[PDB]
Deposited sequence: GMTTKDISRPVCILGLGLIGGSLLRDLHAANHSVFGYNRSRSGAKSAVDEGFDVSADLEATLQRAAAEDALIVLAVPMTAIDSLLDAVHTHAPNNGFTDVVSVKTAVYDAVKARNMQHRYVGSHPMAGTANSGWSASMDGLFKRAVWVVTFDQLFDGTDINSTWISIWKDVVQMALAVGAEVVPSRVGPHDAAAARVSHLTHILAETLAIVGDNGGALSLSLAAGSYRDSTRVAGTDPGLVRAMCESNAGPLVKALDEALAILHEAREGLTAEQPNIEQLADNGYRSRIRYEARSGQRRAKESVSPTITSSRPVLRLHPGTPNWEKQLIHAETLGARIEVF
C-alpha cells in the first residue's frame, strides 16, 4: 500500500477521479481546487478539499505527502514553482500527456531528486463535475524512471517516492507501465497525438465536401473524427509540447500516404501494401487488448539488477506489479 498521504493539486477529470477512487479505496488523501465553489461542493460530499493553495502545501509539507500535479501542461510551471517554494522536500508526480517537456522543466529547477513522472491514459484533461468513479480501472498508467538511467544521482528516498506513485496507480485499478520520457513521447506521438492530427484533418476534408458529404458520412466517419471534438487548446498543448517526436510520426504518415497515392494514380489503381499492412497492424493492436493481453513483470525493488527489469518492461510494454 501507499506509505504517504496523497495530496492532489487540481481536482478535474483526472485529479477529482483520483481523489474519489483513493477515498473509496480508503487511503489517506486530500486536495486543492482553485474554484471556491468546487472545493465547497467536494467538502460537502464528504471529501477533504481546500481552495487555499498555500495552506494545502504547508500541510502537504508537514505530512510528507505525495503531491499529484493534476493540471494541464500550461499550468505545470506555476505549480512546480509553488511546490519548490512551499514543499521543497516533498515527493511529487504529474499526469500530463507529454513527459519530456515536464521532466526538462523539473530539471531546470533542480527538482529531479523528488519527481516521478506519470501519465494515465484517461480522458480529456472540464472541472470537478467531470470527476467519476473507476476511471482508471484496467486503464494504463505510465510511471517514469529516468533518474535510474540518466545523469541524475539519486538515492533511496527517490526509490521510495517512485514506489508510492506505483502503489497509488495500482490502488485505483490501473496497469502500471514503466517508461522513460523519450520512448513514451515517441509512443504518444504515434498513438495519440497523430491520432488527433489525423482526426482534425479528416473533419476538414469532410466539411469541405459540403452538404452531401456531411449527410452521407456514416459510422466510420463519426469514429475517426470524434476526437476532433476535444478542445483546441488541449489538442495544441499535446502536439506542441511534443512537436519533435510528433513530426517523426507525422513523416511516417506522409510517407505511407504518398506511397498510397502513387498506388491509386497507377494505370491499374492499387493499394495492397497499405491495405494488407494496415489490417495486419490493426490485428496486432486488437490482439493485445479486446476485439488486455499485456505481459506482466514482477519487480522486486531492492534486489540486485531490478532496475533492468524496468527497461525490459518498457521494451515490451509490460505492465508491472511490485512485490
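*Asks:* Let me make sure I understand the coverage. Which parts of the deposited sequence, in order from the N-terminal end, have no C-alpha coordinates here?
*Replies:* Those stretches are 1-5, 131, 298-309, listed in order.
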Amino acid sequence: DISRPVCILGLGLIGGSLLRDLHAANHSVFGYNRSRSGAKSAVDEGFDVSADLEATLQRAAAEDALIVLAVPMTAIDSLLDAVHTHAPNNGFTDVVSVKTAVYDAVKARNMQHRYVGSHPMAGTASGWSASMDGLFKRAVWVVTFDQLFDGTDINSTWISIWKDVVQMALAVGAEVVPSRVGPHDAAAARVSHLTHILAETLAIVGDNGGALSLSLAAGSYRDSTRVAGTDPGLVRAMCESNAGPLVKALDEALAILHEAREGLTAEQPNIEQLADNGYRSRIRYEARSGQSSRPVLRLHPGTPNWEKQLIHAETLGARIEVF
From here on, numbers count along this sequence of modelled residues.
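*Asks:* Where do the C-alpha atoms have the higher mean temperature factor in this entry, in 249-257 or in 224-232?
*Replies:* Averaged over C-alpha atoms, the B-factors run higher in 224-232.
*Asks:* Can you tell me whether 236-244 has a higher mean C-alpha B factor than 104-112 in this record, or the other way round?
*Replies:* Stretch with the higher mean C-alpha B-factor: 236-244.
*Asks:* Going by the entry, which of 198, 142, 212, 132 has the most elevated CA B factor?
*Replies:* By C-alpha B-factor in the record, 132 ranks first.
*Asks:* Going by the recorded CA B-factors, say which third of the chain residue 299 sits in, lowest, middle or highest.
*Replies:* It falls in the top third of the chain.
*Asks:* Tell me, lowest, middle or highest third: where does the Cα B factor of residue 153 rank within its chain?
*Replies:* Highest third - that is where residue 153 ends up once the chain's C-alpha B-factors are sorted.
*Asks:* Could you look up the Cα B-factor of residue 90 in the entry and say which third of the chain it sits in: lowest, middle or highest?
*Replies:* Middle third - that is where residue 90 ends up once the chain's C-alpha B-factors are sorted.
*Asks:* Can you work out whether the C-alpha temperature factor of residue 305 puts it in the lowest, middle or highest third of the chain?
*Replies:* For residue 305, the deposited C-alpha B-factor lands in the highest third.
*Asks:* If you rank every modelled residue in this chain by C-alpha B factor, which third holds residue 276: lowest, middle or highest?
*Replies:* For residue 276, whose C-alpha B-factor we compare with every modelled residue in the chain, the answer is the lowest third.
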